[PDB]
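> pasting an experimental structure with its sequence.
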Amino acid sequence: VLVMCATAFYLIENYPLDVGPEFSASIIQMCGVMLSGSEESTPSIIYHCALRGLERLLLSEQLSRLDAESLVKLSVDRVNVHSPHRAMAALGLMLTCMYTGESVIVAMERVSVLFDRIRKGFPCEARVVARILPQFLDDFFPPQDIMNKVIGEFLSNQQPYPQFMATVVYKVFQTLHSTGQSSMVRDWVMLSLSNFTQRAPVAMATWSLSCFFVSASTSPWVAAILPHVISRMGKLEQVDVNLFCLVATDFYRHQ
């Protein structure tokens, strides 16, 4: 079963016209039934090898515009399967279709699929999702639209850990410290402070305040404090109360 799907992919790229145009679109459909099978119906070795050949054909400029969008629908339904080694390879297919390609509207649905794998999904999986999504949002759509989805899905009660979600917010602002948008960094700090007055638990609520002003601060020394801050997530201390005061007052002289 594995060697026979490998020579089907070598015909569509290099030798299209010698076989029918009806034959190209029907090898795409047979990898829908197999990749949306269960974790025992199609094995892990058969799963990972037919899927790597699907993002090959898209980067080749040979497929038609109707033949390419059939691959877009199958990759959405497999990110929300439970096995993360099965579900790590399905995240690679969502990129390339967006990397070969209403324009504002349909891109709303793909971005919120990445944010749920943080919520549901193992910590061996969600280390991958927090390195991309800093770099991922800066490229597609402007930062006025990227800012609404992050914090409202950072502050939520159904966030299993903000620990790996803490590294996402840090790398956004320091690319927004380009000279054109460094002052627009300042306006978004004001609205998020109103959300804390409606409270999380009292040990938990004050920890999230200290991680935010670090990422919007001066250059040389405040920015290096954040792995020391996200080290201790809970466990309030007399040493913990003194650290919150120093961070949000340098921002008062940053305005």
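Ah, there it is. Numbering: from 1, shown residues only.
> hmm, residue 81 is touching residue 87, no?
Yes. If you go by C-beta atoms under 8 Å, residue 81 and residue 87 touch, sitting 5.5 Å apart. (Each C-beta comes from the backbone N, C-alpha and C, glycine too.)
> now do the same end-to-end measure for stretch 225-242.
14 Å (C-alpha to C-alpha, to the nearest Å).
> buried residues of it, list them for me.
Under the neighbour-count criterion of 16 or more other C-beta atoms under 10 Å, stretch 225-242 has 225-226, 229-230, 240 buried.
> of all these, which comes closest to residue 174?
Taking C-beta to C-beta as the measure, residue 174 lies nearest residue 226 of the buried residues of stretch 225-242, at 10.7 Å.
> what's the strand or helix carrying that closest one packed up against?
Per DSSP states H and E, residue 226 falls inside helix 226-229. Using 3 or more C-beta pairs under 8 Å, 6 or more residues apart in numbering; DSSP states H and E as the contact test, the elements touching helix 226-229 are helix 202-215.
> quick one, whichever helix or strand comes after the helix holding residue 226 and helix 202-215 angle?
Downstream of helix 226-229, the next assigned helix or strand under DSSP H and E is helix 238-250. Interaxial angle, helix 238-250 versus helix 202-215 (axes from the mean of the first three to the mean of the last three C-alpha atoms, to 10 degrees): 40 degrees.
> what is the nearest of the buried residues of stretch 225-242 to residue 72?
residue 230 (35.6 Å).
> quick one, what contacts the closest one?
163, 166-167, 211 (C-beta atoms under 8 Å, 6 or more residues apart in numbering).
> relative to residue 112, how far out is the closest residue to residue 77 other than its chain neighbours?
Leaving out its chain neighbours, the residue that sits closest to residue 77 by C-beta to C-beta, 6 or more residues apart in numbering is residue 36, at 6.2 Å. Using C-beta to C-beta, to the nearest Å, residue 36 is found at 21 Å from residue 112.
> could you check which of these two has the larger neighbour count?
residue 36 (14 against 10; other C-beta atoms under 10 Å).
> where does that one sit: helix, strand or coil?
Look at residue 36: counting by DSSP: H, G, I helix; E, B strand; the rest coil, its state is coil.
> is it true that the residue nearest to residue 77 touches residue 73?
No. Using C-beta under 8 Å, residue 36 is not in contact with residue 73; the gap is 10.8 Å.
> common neighbours of those two, please.
With C-beta under 8 Å, 6+ apart, residue 36 and residue 73 have no common neighbours.
> and for residue 103, the neighbour number?
For residue 103, using other C-beta under 10 Å, the count is 7.
> equivalent analysis for residue 217, please.
22.
> got the contact list for it?
223, 247, 250-251, 254.
> now the residues you listed: which count as buried?
Looks like the contacts of residue 217 have 223, 247, 251 buried, using 16+ other C-beta under 10 Å.
> how far out from the middle of the chain is stretch 217-228?
Chain-centre distance of stretch 217-228: 24 Å, with C-alpha atoms, centre = their mean, to the nearest Å.
> and that stretch, end to end?
End residues of stretch 217-228 are separated by 16 Å (C-alpha to C-alpha).
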